[PDB]
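What the coordinates show
Residues per chain, in single letters:
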Amino acid sequence: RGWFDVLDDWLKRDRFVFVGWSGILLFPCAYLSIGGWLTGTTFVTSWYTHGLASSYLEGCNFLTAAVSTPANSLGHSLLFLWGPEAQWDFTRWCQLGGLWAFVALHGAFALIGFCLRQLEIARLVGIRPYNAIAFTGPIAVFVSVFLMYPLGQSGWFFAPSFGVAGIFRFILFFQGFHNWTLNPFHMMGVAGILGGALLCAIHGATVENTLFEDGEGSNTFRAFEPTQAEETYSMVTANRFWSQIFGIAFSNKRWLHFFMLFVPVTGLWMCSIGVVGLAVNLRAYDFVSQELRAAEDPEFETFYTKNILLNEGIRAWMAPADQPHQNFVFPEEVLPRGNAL
Amino acid sequence: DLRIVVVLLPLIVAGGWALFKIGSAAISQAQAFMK
Amino acid sequence: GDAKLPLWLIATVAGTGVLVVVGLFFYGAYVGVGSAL
Amino acid sequence: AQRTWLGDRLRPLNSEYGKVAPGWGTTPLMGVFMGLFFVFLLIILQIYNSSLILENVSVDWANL
Amino acid sequence: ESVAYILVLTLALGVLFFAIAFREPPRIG
Amino acid sequence: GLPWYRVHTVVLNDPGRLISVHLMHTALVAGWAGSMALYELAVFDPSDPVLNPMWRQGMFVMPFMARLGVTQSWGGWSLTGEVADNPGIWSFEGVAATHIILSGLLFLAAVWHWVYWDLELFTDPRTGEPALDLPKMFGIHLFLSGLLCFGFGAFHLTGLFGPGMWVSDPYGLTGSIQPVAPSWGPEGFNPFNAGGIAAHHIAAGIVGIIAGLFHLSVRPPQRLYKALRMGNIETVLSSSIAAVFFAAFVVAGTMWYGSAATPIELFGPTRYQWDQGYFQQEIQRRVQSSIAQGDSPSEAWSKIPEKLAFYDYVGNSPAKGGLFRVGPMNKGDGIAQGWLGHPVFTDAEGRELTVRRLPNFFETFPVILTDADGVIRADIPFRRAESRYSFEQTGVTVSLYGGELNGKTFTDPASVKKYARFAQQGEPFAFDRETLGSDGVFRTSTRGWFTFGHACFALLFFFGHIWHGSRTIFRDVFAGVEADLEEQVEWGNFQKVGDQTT
Amino acid sequence: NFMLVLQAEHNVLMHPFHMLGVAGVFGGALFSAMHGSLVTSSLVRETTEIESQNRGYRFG
Amino acid sequence: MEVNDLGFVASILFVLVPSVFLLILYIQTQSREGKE
Amino acid sequence: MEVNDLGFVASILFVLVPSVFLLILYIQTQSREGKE
Amino acid sequence: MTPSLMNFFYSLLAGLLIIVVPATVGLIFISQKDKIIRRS
Amino acid sequence: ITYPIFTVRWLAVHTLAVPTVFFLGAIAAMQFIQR
Amino acid sequence: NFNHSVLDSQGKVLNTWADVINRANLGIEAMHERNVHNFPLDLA
Amino acid sequence: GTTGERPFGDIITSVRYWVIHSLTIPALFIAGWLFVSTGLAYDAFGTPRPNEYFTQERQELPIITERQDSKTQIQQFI
Amino acid sequence: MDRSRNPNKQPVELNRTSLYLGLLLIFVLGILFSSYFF
Amino acid sequence: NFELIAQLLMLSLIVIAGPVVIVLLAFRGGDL
Ligand code: CLA
Ligand code: CLA
Ligand code: CLA
Ligand code: CLA
Ligand SMILES: CC(C)=CCC/C(C)=C\CC/C(C)=C/CC/C(C)=C/CC/C(C)=C/CC/C(C)=C/CC/C(C)=C/CC/C(C)=C/CC/C(C)=C/CC1=CC(=O)C(C)=C(C)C1=O
Ligand SMILES: CCCCCCCCCCCCCCCC(=O)OC[C@H](COP(=O)(O)OC[C@@H](O)CO)OC(=O)CCCCCCCCCCCCCCC
Ligand SMILES: CC1=C(/C=C/C(C)=C/C=C/C(C)=C/C=C/C=C(C)/C=C/C=C(C)/C=C/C2=C(C)CCCC2(C)C)C(C)(C)CCC1
Ligand SMILES: CC1=C(/C=C/C(C)=C/C=C/C(C)=C/C=C/C=C(C)/C=C/C=C(C)/C=C/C2=C(C)CCCC2(C)C)C(C)(C)CCC1
Ligand SMILES: CC1=C(\C=C/C(C)=C/C=C/C(C)=C/C=C/C=C(C)/C=C/C=C(C)/C=C/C2=C(C)CCCC2(C)C)C(C)(C)CCC1
Ligand code: OEX
Ligand SMILES: [Cl-]
Ligand SMILES: [Cl-]
Ligand SMILES: [Fe+2]
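Residues numbered from 1 in each chain as written, not as in the entry; some residues may be left out. Chains lettered and ligands numbered in written order. Part of a larger assembly, values for the part shown. Heavy atoms only, no water. Residues with missing side-chain atoms left out of burial classes, pairs and counts.

- The PDB entry lists chain F under the name Photosystem II CP47 reaction center protein, from Arthrospira sp. FACHB-439.
- The record for the entry shows the title "In situ PBS-PSII supercomplex from cyanobacterial Spirulina platensis".

Some thoughts on the site of ligand 6
- Neighbouring ligand 6 are 19 residues; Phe 250, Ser 251, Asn 252 and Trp 255 of chain A together with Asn 15 of chain N lie closest to it.
- Near ligand 6, residues from chains A, E and N are present, making the site a shared one.
- Measuring from an oxygen atom of ligand 6, one finds a side-chain N or O atom of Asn 15 of chain N at 3.1 Å.
- Here an oxygen atom of ligand 6 and a side-chain polar atom of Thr 17 of chain N are 3.3 Å apart.
- Within the complex, 68% of the 1200 Å² of free accessible area of ligand 6 lies under protein.
- The set of elements that each furnish at least two residues to the shell around ligand 6 consists of α1 (5-21) of chain E together with α1 (16-33) of chain N.
- If you tally residues by element for the shell around ligand 6, the top one is α1 of chain N, at 6 residues. (Near = heavy atom within 4 Å. Polar contact = N/O pair within 3.5 Å; in protein donor to acceptor, adjacent residues only side chain to side chain. Areas by Shrake-Rupley, 256 points an atom, 1.4 Å probe, with all protein chains shown as cover. Helix = DSSP H or I, 4+ residues; strand = E, 2+ residues; numbered from the N terminus.)

Examining the sheet that holds strand β4 (residues 352-353) of chain F
All names here are of chain F.
- Taken in spatial order, the 3 strands make up an open sheet running β4-β3-β7, and their pairing is antiparallel. If you trace the sheet from one side to the other, it starts and ends with β4 and β7 (397-401), each paired once.
- Taken together, the 2 bridges between strand β3 (residues 342-346) and β4 define a ladder with antiparallel strand orientation. Bridging across to β4, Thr 346 finds its partner in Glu 352.
- In this fold helix α11 (residues 416-424) packs onto β3 and β7, with an angle of close to 120 degrees to the strand it touches most, β3. (Pairing = 2+ DSSP bridges. Contact = heavy atoms within 4.5 Å. Axes fitted to C-alpha atoms, helices over the stretch in contact; angles between N-to-C directions.)

Regarding the interface of chain F and chain A
- Every contact between the two is made by 71 residues of chain F and, on the other side, 70 residues of chain A.
- Of the roughly 5900 Å² buried between chain F and chain A, counting both surfaces, carbon and sulfur atoms make up 63%.
- Three residues, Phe 361, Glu 363 and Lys 496 of chain F, lead the burial of chain F against chain A; their summed loss comes to 13% of the area buried on that side.
- Run the count over chain F and chain A and you get 5 salt bridges.
- For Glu 363 of chain F, the salt bridge is made with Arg 283 of chain A, and the minimal N-O distance between the two is 3.9 Å.
- Counting every contact that joins chain F to chain A gives 23 residue pairs in polar contact.
- When residues of the side of chain F that touches chain A are traced back to their parent elements, those giving at least two are α7 (233-256), β6 (376-379) and α12 (446-473) of chain F. (Buried area = accessible area lost by both parts, 1.4 Å probe. Salt bridge = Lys/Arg side-chain N within 4 Å of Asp/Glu carboxyl O.)

Regarding the packing of helix α7 (residues 184-206) of chain A against helix α2 (residues 16-41) of chain G
- For the pair α7 of chain A and α2 of chain G, interaxial distance at closest approach is 8 Å and the crossing angle is 65 degrees. When the interaxial angle is binned, α7 of chain A and α2 of chain G end up roughly perpendicular. Where α7 of chain A crosses over α2 of chain G, the two elements pack in a sense that is left-handed. In contact with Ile 193, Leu 194, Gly 196, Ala 197, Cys 200 and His 203 of chain A of α7 of chain A, α2 of chain G contributes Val 25, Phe 26, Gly 28, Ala 29, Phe 31, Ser 32 and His 35 of chain G.
- Of the residues assigned to the contact of α7 of chain A with α2 of chain G, the class counts are 8 nonpolar, 5 polar and no charged. (Parallel < 35°, antiparallel > 145°, perpendicular 65-115°, else oblique. Left-handed = near helix turned anticlockwise from the far one by under 90°. Nonpolar A, V, L, I, M, F, W, Y, C, P; charged D, E, K, R; others polar.)

Points about the environment of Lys 136 of chain F
All names here are of chain F.
- Position of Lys 136 relative to the elements: it lies in helix α4 (residues 135-157).
- What makes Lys 136 partly exposed here is its relative accessible area of 26%.
- Sequence spacing of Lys 136 and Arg 219 is 83 residues, and the spatial spacing of their C-alpha atoms is 7.7 Å. (Buried < 20%, exposed > 50% of the residue type's maximum accessible area, 1.4 Å probe, protein only.)

What about the pattern of salt bridges?
- Taken as a whole and judged by the stated rule, the model has 34 salt bridges over all chains.
- In this structure, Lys 496 of chain F and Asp 9 of chain A form a salt bridge, with 2.4 Å as the shortest nitrogen-oxygen distance. Residue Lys 496 of chain F is found in the segment after α13 (486-489), and its partner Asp 9 of chain A is found in the loop between α1 (5-8) and α2 (23-31); the two belong to separate chains.
- By relative accessible area, which is 5% here, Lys 496 of chain F ends up buried.
- A cluster of three or more residues bridged by salt bridges with shared partners is formed by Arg 1, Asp 5 and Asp 9 of chain A, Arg 223, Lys 496 and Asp 499 of chain F together with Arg 38 of chain J.

As for the arrangement of the chains
- Counting contacts across all 37 pairs of chains that touch, the top pair turns out to be chains A and F.
- Between chain E and chain L there is no contact, and the shortest C-alpha to C-alpha separation is 29 Å.

Some thoughts on the nonpolar core
- Ranked by internal contacts, the top residues of the largest apolar core, which has 102 residues, are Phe 43, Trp 100, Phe 174 and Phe 177 of chain A together with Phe 35 of chain M.
- For this core, the element with the most residues is helix α4 (residues 99-124) of chain A, which contributes 8 residues.
- Among all residues touching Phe 177 of chain A, those that are not within four sequence positions of it are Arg 283, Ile 314, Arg 315, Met 318, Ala 319 and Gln 323 of chain A together with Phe 361, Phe 362 and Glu 363 of chain F.
- If you look at the next biggest cluster of nonpolar residues, it comprises 36 residues, including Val 265, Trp 269, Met 270 and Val 276 of chain A. (Core = buried A, V, L, I, M, F, W, Y, C linked by side-chain atoms within 4.5 Å.)

Quick look at the interface of chain M and chain C
- Tallying the contact residues gives 5 residues for chain M and 5 residues for chain C.
- For the interface between chain M and chain C, the tally reads 0 salt bridges.
- Inspection of the chain M/chain C interface yields 0 residue pairs in polar contact.
- Of the residues in the side of chain M that touches chain C, the class split is 4 nonpolar, 1 polar and no charged.

Brief notes about the site of ligand 5
- Looking at ligand 5, there are 24 residues lining it, with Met 188, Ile 202, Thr 206, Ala 249 and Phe 250 of chain A nearest.
- With respect to ligand 5, its neighbouring residues span chains A, E and N.
- Between an oxygen atom of ligand 5 and a side-chain N or O atom of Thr 206 of chain A, the distance comes to 2.4 Å.
- One nitrogen or oxygen atom from the main chain of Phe 250 of chain A is found 2.7 Å from an oxygen atom belonging to ligand 5.
- Expressed as a share of its isolated accessible area of 1300 Å², the protein-covered part of ligand 5 is 66%.
- Looking at the shell around ligand 5, the elements with two or more residues in it are α7, α8 (237-242) and α9 (257-279) of chain A, α1 of chain E together with α1 of chain N.
- With 7 residues, the top contributor of residues to the shell around ligand 5 is α7 of chain A.
- Split by residue class, the shell around ligand 5 holds 21 nonpolar, 3 polar and no charged.

Some words on the packing of α7 of chain A against α1 of chain N
- Two elements in contact, α7 of chain A and α1 of chain N, have axes whose closest approach is 11 Å; the angle formed by their N-to-C orientations is 135 degrees. Taken together, the axis directions place α7 of chain A and α1 of chain N in an arrangement best described as oblique. When the axes of α7 of chain A and α1 of chain N are compared, the crossing they make is right-handed. Listed contacts from α1 of chain N to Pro 184, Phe 185, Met 187 and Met 188 of chain A of α7 of chain A are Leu 29, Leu 32 and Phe 33 of chain N.
- A class-by-class count of the residues in the contact of α7 of chain A with α1 of chain N yields 7 nonpolar, no polar and no charged.

With respect to unusual backbone geometry
Residue and element names in this part refer to chain F.
- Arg 351 follows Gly 350 through a cis peptide bond whose omega is -5 degrees.
- As for its placement among the helices and strands, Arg 351 is situated in the loop between β3 and β4.
- Of note, the bond from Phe 494 into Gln 495 is cis; its omega dihedral lies within 30 degrees of zero at -20 degrees.
- Looking at the element boundaries, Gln 495 is found in the segment after α13.
- Of note, the phi angle at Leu 340 is positive, near 50 degrees, even though the residue is not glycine.
- Relative to the assigned elements, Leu 340 resides in the loop between α9 (306-310) and β3.

Here it is as structure tokens:
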């Protein structure tokens, strides 16, 4: 052989985990940002970034533990261990924002390294990939929320913080400051995911409802051969079932599976191009109508103007406590209080 | 900095047990592939 | 080697070894630095 | 297969199709021009971030 | 200004009726 | 036949009409740029470039032809305020007009290659099937683009045979056209220096020349030609779309943050002028330079131009505006009439206090009034049962300094509520919300709509790069797999996956 | 308007039975595009290139 | 009642011109079978 | 400049919906000519 | 020499010297030891 | 019959297990300490 | 609720993500159904 | 089928695995115990101690005001 | 200089049931986006 | 504390008191 072919005969062996010649970008960058995230939940913390106790070491029991963000007064600078932000000395690197940018970029590059990976095994078995096409759902969520949402706005404090409740803050951020519900690009994504959740539930039912008596025992998935050319579900009784109950039915067994690929992948892509409007905060929280006679007319009483005062309940209540960067302090009769509550 | 010393002392008895108990077969596996 | 021992037996003691270290964490929400006590 | 005056001046620019340099070729010349280009892209990304700030640059609105 | 939904909503309801009556009948072969 | 989403695959085999199917697309984009900018000239209002400038009128394409040296508009209203004479041929009515006739001459050439194919150029001599050489042609495409950037660097931006690009001062006041000098050092790498953009396309053009002069002479290697599948048209297309997405990220970036190639007078302020208060660092500086000269603030705040006050407004910052609040910025406010000065808030005691509030990602900031160090002294009480910091008990006065309504104090606390909300939006401005039917809620500028429409489209061009990148590598398997292949997939079988020699 | 009231009145998000639900839903989001991708991937060849590859077999 | 003055132009071309594109292609396809 | 506020709805459906009726009926003939 | 250039230049030393050469020597001096067999 | 001891998966499974039970010993100790 | 959960040895309240959740959750609770509540608990 | 290396149910069945794991996985467990009982994670990682948040001169919830230097400020924030 | 006949141009095959999917998809985008155009 | 460890004694006696009924059947040859 040569010099390079001996290497390409190494990484394409049948090792039990397949290492992959595209895996040398994955396996460093995917053990970091999993294990980079797993120190940020335990040991390194906030409270020098935006005044919060968000670690296991300060003692929050995982449903409010997160590696957070850098500070708001810090810009969009990538917090290198080696940069101006910190010049190594990672003690001071760590608690000055920083950590997450270690797992934001490595989490970005491993997602390149995983989508390079399922392209790479797809040629080795020769299989015509659509998993990499269906990973364009997941990669367009990550690079347009955790990457391209903060770069439209101010620096990476307004990026979501990596935890279960750090995401939950970023949820109620996007309710109040942007109205991320009721803009239409998000609402196709709820049609994508909940439409995707039916089409794996309803397709998971009927293959377990039309089965073909090759076993003589009582459980069904005994004696199903993997090297079996005859098809294990009916599709003639299943089409006869759904032409009667729902009235419409999948009259061929392909495009039943292409629709299950299509329905959550184009859900996330429509959801991905909404937050890039939110990145430059083209929010569409306001209707051009339905507001002038919310101003002139107290007799005009609707759910949308009921909903738009709820978002004022966000933006003047949590914003002194969410962002202590500006030191927002409020004298307790400037806050919108509805009544006795 | 005496406290870093006591925390790596279970780190070095971790590999210190890995020397004596398996490693006769490891050098024979390091004898493998003729290198 | 021929020193094999039934997996099922060590399936218990690894399983209850998992159970006591997640059972200790739910003890730790109720005394300590995060308990508000 | 229609000859024009136009197509008799560009057919020597499109006379060959699969003429190809031999095995593994001028690959690492292209590799070291790529590694110089990625380092050049890495320099200008931190010129603009002000994380390889120098003297007398001051990436800011005080400019010409 | 108001009858633009009830235009396009009944076209969305109208295509629900035409998919139940005038579907392609799936023939086994 | 074929489904509706694979319609254009007829052109994938023969490149006879592939020239023709770009050429009506090229006629459609050139027959947009004239067809939009002629509409964009139909609504301008050139009567006041300082108060409603050209990005205030929601105008997408007339910065982009304007920011290279063209200001002669044919009516004698120069864009820069110094339209010396008849412009000559190159005014907007002219350039817009050309793109009409060019797209007509593109469309007449677009119909020529559709009826005439197999013009002895698209086939190999080895057999008569239509197939064109791509890497020899890349050496002759890029050598023309290498000539054209080197023309654009030296022969257009440097005054040799052409007028320069737009360049302003910082805090953009006297922005006009002058030929910029190509600065070669490290100072040309910060994008706010315009001397790099002239030194750009000389230096990138000369290596664009030395690329294409090299690329004609050599051939690709066969360890790349079978790897990158360089005989296929689709692979090249995938590469081009991927490259384009990369190129659309930077002008999503460098329009939004700002550069010397995106100045203020034809794009607006760039949204980071409130997060540090960039313009508020200047008008505050010049009045304290004026009292360092020794002038009283009533007849100071008047050598400030109204252009500096117009950049210190929330309603010109491009953050506000929504996705479906559609139209120009003049549908949000109306026409800017006058400055009416700068508010200065005093209590019954002095104790001077100010409003510097409303950041960008709010919509309704509650009005606070605070002192120098940050203790709140006044607000707007939402519940007047237990107020202790209200306007009425404190008795706040307004000193309105400079501008149109100079010297007019307000001691009635019903009218202080109007100017407190006006002080939230930097400096106030007089408007007229009846001439254009402006409603009253904010819109965004052309700097806002560009980066929305160039980062959402750049997301979409990433998916085509995965999709065309799949179909080039996986051309043979694309209409389904060979039938069984059970020995390739079952394990342990020798040796490395995808090898047929174990 | 209902959901923000339920987040207000008694706090939906920090509750594990809701958190088990989205784990079913986001799992059901992926497993639709996981199972539906790979049989669409591992389809056999019965058509040619020009037609739809969703045609070469008869229903049933 | 206020309105944007141009959505009824916009949402009558948003619904028609892709659907009559789609309605062209069905009557394209269905008339091929029919034994000319 | 004054306008009737609804002619641009009226004279965009007056021109399109009989012409895309006419544009429907030309394609079908082409398929028939093909014999497909 | 500037104190943020050389703090960037020490990365291009160390990102080379820790990641790259222990990948290249760490791959090719084990793949050349375990050469695959083509003679079957 | 005989299998090799170390492989790629011996390094694949120890990574994310050597930092697991070192972190599992970390978290099990922090609840015993108090404010 | 993990409100006021972690704390200093003083007893000074450290903020977590859970009271940043609650500072958003105080606001919609103090603004929804903005006329009916005459008594300070919304337990109905 | 087979892969080439030893299966997992053949590994744990071997008693040679448990001589090298009766004294090693408790040894890596007790090393995590000393990473926090000695308080090294307070010093090495940047976590404040649960008495050393607020000093006598500081009760004002520290945040990093300026990005450009950002290193003498934390030493001023102690 | 002289015309010929194409050895190309496969026709299109939009199905009856695939018309229903495309007609419904435009009409849900009609009832979604028409509020935002107002 | 004295009667906290006797609680956790009475845990740690009684949990593995379960499976010692299983292993004593599985090694004396009792039909499980
Ligand atoms: C019926 C309810 C409903 C439904 C179904 C959805 C549906 C969705 N919402 Mg949504 N939302 C809703 C209500 C709903 N919303 C409400 C009421 C609000 C409040 C207004 C929001 C606010 C909201 C926000 C703020 C956002 C969404 C987003 C989304 C999308 C999810 C993106 C996703 O899963 O990426 C999942 C994440 C990835 C794919 C990233 C890659 C991660 C990889 C795949 C995993 C790595 C694995 C690795 C091994 C780590 C695991 C180990 C770990 C445990 C240690 C999806 C369209 C997002 C969106 O559309 O943006 C594009 C978004 O940002 N929602
Ligand atoms: C440089 C741009 C470019 C080019 C030249 C192509 C070219 C091609 N693509 Mg492709 N694609 C691109 C970008 C591009 N793509 C991007 C960015 C995406 C991601 C969204 C895709 C996703 C994609 C898929 C998923 C598929 C193709 C396919 C194809 C082939 C046939 C196209 C066809 O018949 O559709 C004809 C299209 C129509 C009849 C109408 C479609 C309706 C659209 C939405 C209307 C467009 C709106 C408006 C008119 C355009 C304005 C936007 C513009 C300014 C960007 C052709 C080779 C197909 C293929 O594999 O064939 C080989 C295929 O299945 N493409
Ligand atoms: C990227 C290019 C670009 C840019 C930034 C803009 C931006 C602008 N234009 Mg312009 N325009 C463009 C292209 C562009 N235009 C094109 C191509 C045309 C020709 C059709 C026009 C014609 C035009 C006119 C005639 C006018 C403007 C005006 C304006 C300004 C007002 C704001 C506005 O209308 O936003 C509104 C933006 C939206 C409502 C967003 C639309 C979002 C779409 C509908 C989403 C599509 C989703 C899709 C259907 C879902 C896919 C389905 C799924 C299954 C895949 C704004 C500066 C006005 C102005 O100020 O001029 C004086 C004006 O009068 N434009
Ligand atoms: C999820 C992301 C993703 C995926 C799955 C693919 C997939 C593919 N790309 Mg691709 N590409 C991507 C993103 C992606 N690309 C991006 C973001 C760009 C830049 C615009 C490109 C540019 C590109 C070109 C120019 C070409 C491909 C090609 C290909 C195909 C062959 C595989 C290949 O050579 O990969 C390419 C490998 C990568 C993109 C991995 C890059 C990883 C770099 C080297 C690591 C750098 C790390 C560094 C230390 C950190 C610096 C950043 C820091 C400041 C944060 C395949 C379809 C080829 C093609 O079309 O096939 C014929 C081709 O010619 N790609
Ligand atoms: C007065 C009136 C009527 C008012 C109503 C107005 C109102 C209040 C509400 C309506 C408004 C409305 C509809 C809003 C939604 C707008 C919206 C978001 C539309 C989606 C648009 C869009 C671009 C979305 C992006 C994502 C996307 C493409 C989603 C598509 C969703 C979708 C079609 C999901 C399918 C759900 C579904 C029916 C699944 C079942 C599938 C099915 C029948 C399987 C049957 C079956 C199963 C088997 O297993 C087998 C074996 C066989 C053989 C078989 O057959
Ligand atoms: C109570 C009993 C009766 C139930 C009444 C309601 C039944 C409605 C069934 C849906 C009608 C058909 C729609 C698909 C039209 C159609 O003909 O589908 C046909 C399709 C099956 O297609 P085939 O298998 O025949 O495809 C053959 C291939 O060659 C493809 O060309 O079925 C589906 O894909 C189902 C998934 C989409 C189903 C979408 C459901 C949408 C629900 C309504 C949403 C809009 C309402 C708007 C309200 C404002
Ligand atoms: C940062 C960084 C780094 C890194 C590090 C690392 C990478 C580490 C790792 C880490 C890791 C890698 C970790 C891991 C962890 C894990 C954990 C901590 C887990 C836990 C878990 C749990 C507890 C669970 C349990 C359970 C349950 C609950 C039930 C079911 C079963 C189970 C088991 C699942 C270094 C220093 C190099 C350098 C610098 C940077
Ligand atoms: C014949 C001729 C001529 C003429 C020409 C012409 C007249 C042309 C035209 C041109 C034109 C007239 C152009 C324009 C075009 C336009 C266009 C092409 C447009 C398009 C549009 C679009 C594409 C859009 C899209 C969209 C929508 C729908 C909405 C928004 C969003 C979006 C963007 C998606 C002359 C006599 C001169 C000369 C001779 C030849
Ligand atoms: C050249 C030629 C060709 C091709 C053809 C074609 C196929 C074309 C196409 C074309 C096209 C495809 C065109 C398009 C254009 C566009 C348009 C026609 C549109 C316009 C639109 C607009 C303008 C819209 C809308 C609106 C209105 C009106 C109202 C509201 C506002 C807005 C703006 C949104 C060939 C080579 C084959 C051969 C023969 C000749
Ligand atoms: O109203 Mn309907 O809502 Ca659910 O919470 Mn209880 O009462 Mn009122 O609250 Mn929070
Ligand atoms: Cl309410
Ligand atoms: Cl009450
Ligand atoms: Fe199935």
